[PDB]
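Since the structure comes first, as C-alpha coordinates, the remarks are kept for the end.
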Amino acid sequence: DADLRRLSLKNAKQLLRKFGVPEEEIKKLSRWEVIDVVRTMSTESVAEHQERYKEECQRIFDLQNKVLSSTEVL
DNA sequence: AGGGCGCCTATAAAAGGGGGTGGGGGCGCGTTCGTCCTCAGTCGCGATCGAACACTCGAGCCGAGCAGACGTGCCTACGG
(Lines give C-alpha, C1' and ligand atoms only; values in the text may rest on other atoms or scores of the structure.)
Protein backbone atom coordinates (compact mmCIF):
# COMPACT_ATOMS: atom_id res chain seq x y z
CA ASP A 1 0.00 0.00 0.00
CA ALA A 2 2.99 2.27 0.64
CA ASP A 3 4.62 2.19 -2.81
CA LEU A 4 1.20 2.36 -4.49
CA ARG A 5 0.68 5.70 -2.78
CA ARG A 6 4.27 6.54 -3.71
CA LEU A 7 3.32 6.00 -7.40
CA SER A 8 2.65 9.80 -7.71
CA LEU A 9 -0.70 9.85 -9.64
CA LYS A 10 0.83 9.94 -13.19
CA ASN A 11 2.59 6.56 -13.08
CA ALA A 12 -0.51 5.03 -11.44
CA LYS A 13 -2.52 6.36 -14.41
CA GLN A 14 -0.10 4.61 -16.78
CA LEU A 15 -0.34 1.42 -14.69
CA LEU A 16 -4.16 1.47 -14.83
CA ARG A 17 -3.81 1.89 -18.60
CA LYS A 18 -1.46 -1.12 -18.65
CA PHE A 19 -3.76 -3.44 -16.66
CA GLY A 20 -6.76 -2.72 -18.91
CA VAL A 21 -8.81 -0.67 -16.42
CA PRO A 22 -11.62 1.18 -18.29
CA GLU A 23 -11.00 4.82 -19.25
CA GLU A 24 -13.67 6.21 -16.89
CA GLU A 25 -11.69 5.29 -13.77
CA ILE A 26 -8.49 6.54 -15.43
CA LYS A 27 -10.40 9.70 -16.42
CA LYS A 28 -11.79 10.76 -13.02
CA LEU A 29 -8.26 10.45 -11.46
CA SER A 30 -9.02 11.12 -7.82
CA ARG A 31 -5.66 9.79 -6.61
CA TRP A 32 -6.95 7.87 -3.56
CA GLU A 33 -9.59 6.15 -5.72
CA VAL A 34 -6.91 5.42 -8.36
CA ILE A 35 -4.59 3.80 -5.81
CA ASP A 36 -7.45 1.76 -4.29
CA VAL A 37 -8.42 0.54 -7.78
CA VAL A 38 -4.82 -0.36 -8.68
CA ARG A 39 -4.42 -2.21 -5.37
CA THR A 40 -7.65 -4.09 -6.15
CA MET A 41 -6.42 -4.90 -9.68
CA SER A 42 -3.05 -6.08 -8.33
CA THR A 43 -5.07 -8.29 -5.96
CA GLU A 44 -7.13 -9.61 -8.90
CA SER A 45 -12.57 -12.19 1.80
CA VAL A 46 -15.44 -13.56 3.88
CA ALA A 47 -17.87 -13.45 0.95
CA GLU A 48 -15.32 -15.43 -1.08
CA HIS A 49 -14.96 -17.95 1.78
CA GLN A 50 -18.67 -18.82 1.72
CA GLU A 51 -18.81 -18.69 -2.10
CA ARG A 52 -15.98 -21.24 -2.39
CA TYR A 53 -17.93 -23.43 0.03
CA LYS A 54 -20.99 -23.14 -2.23
CA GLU A 55 -18.88 -23.83 -5.34
CA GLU A 56 -17.35 -26.96 -3.81
CA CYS A 57 -20.78 -28.12 -2.60
CA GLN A 58 -22.37 -27.50 -6.02
CA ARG A 59 -19.64 -29.32 -7.98
CA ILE A 60 -19.81 -32.63 -6.12
CA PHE A 61 -23.63 -32.45 -5.87
CA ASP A 62 -23.85 -32.10 -9.65
CA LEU A 63 -21.21 -34.81 -10.07
CA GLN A 64 -23.12 -37.17 -7.75
CA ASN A 65 -26.31 -36.46 -9.73
CA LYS A 66 -24.55 -37.40 -12.97
CA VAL A 67 -22.83 -40.63 -11.89
CA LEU A 68 -25.60 -42.34 -9.89
CA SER A 69 -28.28 -41.60 -12.51
CA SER A 70 -26.15 -42.71 -15.49
CA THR A 71 -27.07 -45.94 -17.26
CA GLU A 72 -23.50 -46.40 -18.55
CA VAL A 73 -22.27 -50.01 -18.52
CA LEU A 74 -18.85 -50.24 -16.87
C1' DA B 1 11.57 88.96 -76.27
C1' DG B 2 16.16 88.79 -75.12
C1' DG B 3 20.89 90.34 -72.84
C1' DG B 4 22.47 91.01 -68.43
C1' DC B 5 22.18 89.94 -63.99
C1' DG B 6 21.22 86.75 -59.92
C1' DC B 7 21.88 82.18 -58.41
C1' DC B 8 23.31 77.45 -58.60
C1' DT B 9 27.18 74.17 -58.90
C1' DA B 10 32.81 73.46 -56.54
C1' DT B 11 36.93 74.71 -52.74
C1' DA B 12 39.08 76.16 -47.45
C1' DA B 13 38.07 77.71 -42.54
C1' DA B 14 35.91 79.45 -38.19
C1' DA B 15 32.67 80.57 -34.98
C1' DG B 16 28.27 78.94 -31.57
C1' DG B 17 23.80 77.70 -31.07
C1' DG B 18 19.76 75.31 -32.65
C1' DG B 19 17.45 71.46 -34.55
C1' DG B 20 17.07 66.86 -36.14
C1' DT B 21 17.79 61.88 -35.53
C1' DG B 22 19.46 57.74 -33.52
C1' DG B 23 20.93 55.12 -29.61
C1' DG B 24 21.33 54.06 -24.88
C1' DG B 25 20.03 54.25 -20.22
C1' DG B 26 16.88 54.63 -16.53
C1' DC B 27 12.67 53.90 -14.36
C1' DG B 28 8.43 51.63 -13.25
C1' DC B 29 5.55 47.99 -13.73
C1' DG B 30 4.14 43.21 -14.14
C1' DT B 31 5.21 38.64 -14.13
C1' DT B 32 7.19 34.64 -12.29
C1' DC B 33 9.00 31.86 -8.71
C1' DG B 34 9.42 30.19 -4.09
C1' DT B 35 7.61 29.46 0.22
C1' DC B 36 4.08 28.61 3.47
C1' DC B 37 -0.31 26.99 4.82
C1' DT B 38 -3.94 23.69 4.88
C1' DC B 39 -6.24 19.32 4.09
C1' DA B 40 -6.25 14.54 3.63
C1' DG B 41 -4.63 10.19 4.35
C1' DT B 42 -1.77 6.63 6.89
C1' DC B 43 0.65 4.60 10.43
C1' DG B 44 1.74 3.90 15.15
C1' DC B 45 0.56 3.66 19.96
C1' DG B 46 -2.36 3.10 23.86
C1' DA B 47 -6.56 1.54 26.12
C1' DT B 48 -10.48 -1.09 26.52
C1' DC B 49 -13.35 -5.04 25.67
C1' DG B 50 -14.39 -9.79 24.62
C1' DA B 51 -13.21 -14.58 24.40
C1' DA B 52 -11.07 -18.65 26.01
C1' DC B 53 -9.19 -21.54 29.50
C1' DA B 54 -8.70 -23.42 34.09
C1' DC B 55 -10.19 -24.38 38.59
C1' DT B 56 -13.68 -25.68 41.93
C1' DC B 57 -18.01 -27.62 43.59
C1' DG B 58 -21.64 -30.57 43.44
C1' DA B 59 -24.50 -34.26 41.83
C1' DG B 60 -25.26 -38.59 39.99
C1' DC B 61 -24.12 -43.37 39.06
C1' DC B 62 -22.00 -47.74 39.92
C1' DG B 63 -19.93 -51.17 42.64
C1' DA B 64 -19.34 -53.69 46.84
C1' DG B 65 -20.64 -55.26 51.21
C1' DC B 66 -23.84 -56.75 54.70
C1' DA B 67 -28.29 -58.30 56.27
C1' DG B 68 -32.56 -60.75 55.85
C1' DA B 69 -35.23 -64.67 54.25
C1' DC B 70 -36.08 -69.25 52.58
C1' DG B 71 -34.32 -74.10 50.93
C1' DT B 72 -32.06 -78.03 52.03
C1' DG B 73 -29.36 -81.13 54.44
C1' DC B 74 -27.98 -83.08 58.83
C1' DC B 75 -28.41 -84.08 63.59
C1' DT B 76 -30.92 -84.52 67.62
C1' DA B 77 -34.95 -85.24 70.50
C1' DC B 78 -39.58 -86.69 71.02
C1' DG B 79 -43.48 -89.66 70.40
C1' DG B 80 -45.45 -93.91 69.25
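Residues in the C-alpha coordinates are named by chain (A, B, ... in the order shown) and by number from 1 within that chain; ligands are numbered from 1 in the order shown.
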
Fill in: chain B residues near chain A (12 Å cut-off, only C-alpha atoms (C1' of nucleotides)) as an NGL selection string
:B and (40-43)

Practice prompt. Write out as JSON, numbers by chain the residues lying within 12 Å of residue 3 (chain A), counting only C-alpha atoms (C1' of nucleotides) and excluding same-chain residues fewer than 5 positions away.
Written response: {"A": [8, 9, 11, 12, 35, 38, 39]}

Those residues you just picked out, can you put them in a file as a PDB file, in the first residue's frame with N, CA, C and O atoms?
ATOM      1  N   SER A   8       2.729   8.397  -7.285  1.00  0.00           N
ATOM      2  CA  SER A   8       2.654   9.803  -7.712  1.00  0.00           C
ATOM      3  C   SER A   8       1.745  10.041  -8.922  1.00  0.00           C
ATOM      4  O   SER A   8       2.234  10.387 -10.002  1.00  0.00           O
ATOM      5  N   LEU A   9       0.424   9.959  -8.680  1.00  0.00           N
ATOM      6  CA  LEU A   9      -0.696   9.847  -9.643  1.00  0.00           C
ATOM      7  C   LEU A   9      -0.366   9.443 -11.093  1.00  0.00           C
ATOM      8  O   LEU A   9      -1.034   8.556 -11.639  1.00  0.00           O
ATOM      9  N   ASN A  11       2.170   7.930 -12.798  1.00  0.00           N
ATOM     10  CA  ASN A  11       2.590   6.561 -13.076  1.00  0.00           C
ATOM     11  C   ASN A  11       1.496   5.556 -12.725  1.00  0.00           C
ATOM     12  O   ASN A  11       1.402   4.502 -13.362  1.00  0.00           O
ATOM     13  N   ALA A  12       0.646   5.880 -11.748  1.00  0.00           N
ATOM     14  CA  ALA A  12      -0.507   5.035 -11.439  1.00  0.00           C
ATOM     15  C   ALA A  12      -1.530   5.061 -12.573  1.00  0.00           C
ATOM     16  O   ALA A  12      -2.180   4.050 -12.858  1.00  0.00           O
ATOM     17  N   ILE A  35      -5.487   4.724  -6.503  1.00  0.00           N
ATOM     18  CA  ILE A  35      -4.595   3.804  -5.810  1.00  0.00           C
ATOM     19  C   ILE A  35      -5.370   2.634  -5.197  1.00  0.00           C
ATOM     20  O   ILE A  35      -4.882   1.492  -5.190  1.00  0.00           O
ATOM     21  N   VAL A  38      -5.994   0.371  -8.198  1.00  0.00           N
ATOM     22  CA  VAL A  38      -4.816  -0.356  -8.676  1.00  0.00           C
ATOM     23  C   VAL A  38      -4.386  -1.407  -7.654  1.00  0.00           C
ATOM     24  O   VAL A  38      -3.861  -2.464  -8.026  1.00  0.00           O
ATOM     25  N   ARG A  39      -4.662  -1.175  -6.363  1.00  0.00           N
ATOM     26  CA  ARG A  39      -4.417  -2.215  -5.368  1.00  0.00           C
ATOM     27  C   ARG A  39      -5.392  -3.372  -5.544  1.00  0.00           C
ATOM     28  O   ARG A  39      -5.009  -4.543  -5.414  1.00  0.00           O
TER      29      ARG A  39
END

Worksheet item: So which residues touch residue 25 (chain A) within 10 Å, counting only C-alpha atoms (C1' of nucleotides), skipping near sequence neighbours fewer than 3 positions away, as a VMD selection string?
Response: chain A and resid 13 16 to 17 21 to 22 28 to 30 33 to 34 37

Worksheet item: Got a sec to tell me which of chain A DSSP assigns to helix (DSSP H, G or I), as a PyMOL selection string?
Response: chain A and resi 2-5+10-19+23-28+31-43+46-69

Item to complete: Could you check how far CA of residue 56 (chain A) sits from CA of residue 69 (chain A), in Å to one decimal?
Response: 20.2 Å

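Straight-line separation from CA of residue 31 (chain A) to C1' of residue 39 (chain B): 14.3 Å.
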